[PDB]
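[1] Sequence plus experimental coordinates follow:
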Amino acid sequence: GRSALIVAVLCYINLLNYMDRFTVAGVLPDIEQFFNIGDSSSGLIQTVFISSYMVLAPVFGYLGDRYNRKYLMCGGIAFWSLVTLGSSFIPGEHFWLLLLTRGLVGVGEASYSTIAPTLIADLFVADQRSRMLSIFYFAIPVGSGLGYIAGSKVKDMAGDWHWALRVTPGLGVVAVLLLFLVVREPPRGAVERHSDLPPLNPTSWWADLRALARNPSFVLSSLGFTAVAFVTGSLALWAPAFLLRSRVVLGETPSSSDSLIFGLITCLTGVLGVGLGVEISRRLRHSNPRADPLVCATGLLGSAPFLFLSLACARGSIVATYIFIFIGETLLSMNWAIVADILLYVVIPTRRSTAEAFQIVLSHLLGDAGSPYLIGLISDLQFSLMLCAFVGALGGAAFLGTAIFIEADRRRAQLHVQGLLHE
Ligand SMILES: CCCCCCCC/C=C\CCCCCCCC(=O)OC[C@@H](O)COP(=O)(O)OCC[N+](C)(C)C
């Protein structure tokens, strides 16, 4: 009864998190005009954000494995909300202030995104964990899309680009108050372990890193998740320009309507993919214990041919291409929630924050330092799509390799929880 309200609070804070991530991307051309900057500086904003995020994710993993998770989350939320509200007041003489404030936003969001799913892990069990993680990753893409559209509409109505950063910090003191009042910090593995036992002690951090590098299920699911994130990021970067150029060749248009249509499509396939993936994995898991990574691999390698045929279909019509991309993105998007589950049952509750931090670092590094840096390098159009398909096939092989090792690793972790094995 109280854990449902905790899940509602965490879903709301996740929606706010991605809203604050994308509210500056929904206002980008007026930023490019205000500070007198070219094309590279928007990529510099996003690069500073993701770099601070990746560098400060391991620190908050190490802190959330050993200290009060609710206090660190409250501090992170208060920090990024305060620095956003302060970043609203930057004059046009200094752009590096905007860069530094984006870095601090990245720090706070790294804190929250590293620590938050461990509470959902420690409050529920298998199927209910799967459904509440489904709600969490329902909250991410609606948050991103609504943040873009809210920044854009607030800038259009108010007339100043600064007001795009003034909408989100007002909904941040509410999240801090809710996280202080409603959420109560659960023990590390309260439902995976009886209450009469002494609490589990966190060992050294080097032992945590060696133990997280010695199990193959977690590493291979992280590599599959990395490949999926790379494929989706490159596709979202490439698709609107491709559809515009297709309508240029046909002659319909000699970036607003197609952009909003593709944004609606991305949001709807995100929520439908998370829902369908959790549903199929929960259905199949009872008759097959290795069904989560198999469903991940089926989603990835069954999304591959729909996108592969959309390029051939785009010459004839547009509606069939839209439909086929809508069908492929769902199978691309099951993997978020299913990979979050696969992480949260193969890792000891004294290592889940470090596992989330390592997964964040690996995924964001090999996806976002690679796609806008190598896709644009090899593009300047079919070899980029062939590289995308090769990475997708490698991710499918990684998810099958996860399916080989998921039983032994889940058993070893659940026996380590019960104290029957000692490291
Ligand atoms: C039981 C229910 C209890 C409470 C219910 C509340 C739950 C959540 C509340 C409200 C959300 C509903 C509104 C629908 C959201 C749809 C999002 C939406 O329509 O977004 C508009 C699109 O334009 C966003 O996509 P873009 O940002 O363009 O794509 C990115 C392009 N890029 C180049 C910048 C990378």
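    Here it is on my side, so go on. Residues are numbered from 1 along each chain as shown.
[2] Now name the helix or strand holding the residue of the stretch 201-350 of the chain found nearest the ligand.
    Nearest to the ligand in the stretch 201-350 of the chain, going by Cβ to the nearest ligand atom, is residue 263, at a distance of 2.2 Å. Any C-beta I mention is one placed from the backbone N, CA and C, and that applies to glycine too. According to DSSP states H and E, residue 263 maps onto helix 257-285.
[3] Name the residues that touch stretch 245-259?
    Residues from elsewhere that reach stretch 245-259 (Cβ atoms under 8 Å, 6 or more residues apart in numbering): 240, 243-244, 314-315, 318, 321.
[4] Filter these down to the ones in helices?
    Secondary structure from DSSP state H places 240, 243-244, 321 of these in helices.
[5] just to revisit the earlier point, and the contacts of stretch 245-259, which of them are buried?
    243, 314, 321 (16 or more other Cβ atoms under 10 Å).
[6] any idea how far residue 247 is from the nearest residue to the second one once chain neighbours are set aside?
    With sequence-adjacent residues excluded and distances taken as Cβ to Cβ, 6 or more residues apart in numbering, residue 314 is closest to residue 321, at 4.6 Å. In this structure, residue 321 and residue 247 are 11 Å apart, going by Cβ to Cβ, to the nearest Å.
[7] repeat for residue 265
    Distance from residue 265 to residue 247, by Cβ to Cβ: 16 Å.
[8] do residue 188 as well
    Residue 188 is 54 Å from residue 247, where distance means Cβ to Cβ.
[9] Name the residue of the stretch 301-423 of the chain that lies nearest to the ligand.
    Nearest residue of the stretch 301-423 of the chain to the ligand (Cβ to the nearest ligand atom) works out as residue 372 at 10.8 Å.
[10] you'd agree that residue is up against residue 230?
    No - using Cβ atoms under 8 Å, residue 372 is not in contact with residue 230; the gap is 10.9 Å.
[11] So for these two, which residue has more residues nearby?
    Between residue 372 and residue 230, counted using other Cβ atoms under 10 Å, residue 230 has the larger neighbour count: 24 against 16.
[12] Contacts only, for the more buried one.
    366-367, 370-371, 388, 391.
[13] ditto for residue 332
    Applying Cβ under 8 Å, 6+ apart to residue 332 gives the contacts 228, 231-232, 235, 269, 273, 299-300, 303.
[14] one more time with 6 Å, if that's ok
    By Cβ atoms under 6 Å, 6 or more residues apart in numbering, residue 332 lies in contact with 232, 303.
[15] The one 5 residues further on too?
    Shown in contact with residue 337 (Cβ under 6 Å, 6+ apart): 133-134, 137, 274, 277-278.
[16] now swap in residue 215 and tell me
    Counting by Cβ under 6 Å, 6+ apart, residue 215 makes contact with residue 409.
[17] The nearest residue in space to residue 106 that is not next to it in sequence - how many residues pack around it?
    Nearest in space to residue 106, with sequence neighbours left out and distances taken as Cβ to Cβ, 6+ apart, is residue 52 at 3.5 Å. Neighbour count for residue 52, taken as other Cβ under 10 Å: 21.
[18] so what secondary structure elements neighbour the host helix or strand of residue 52?
    In the assignment (DSSP H and E), residue 52 maps to helix 40-64. Helix 40-64 is packed against helix 96-123, helix 352-368, with contacts defined by 3 or more Cβ pairs under 6 Å, 6 or more residues apart in numbering; DSSP states H and E.
[19] rewinding a little: could you redo the ones in helices among the contacts of stretch 245-259 as CSV and give each row distance to the ligand?
    Listed next are those as CSV, based on distance: Cβ to the nearest ligand atom, whole Å:
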residue, distance to the ligand
240, 7
243, 13
244, 12
321, 18
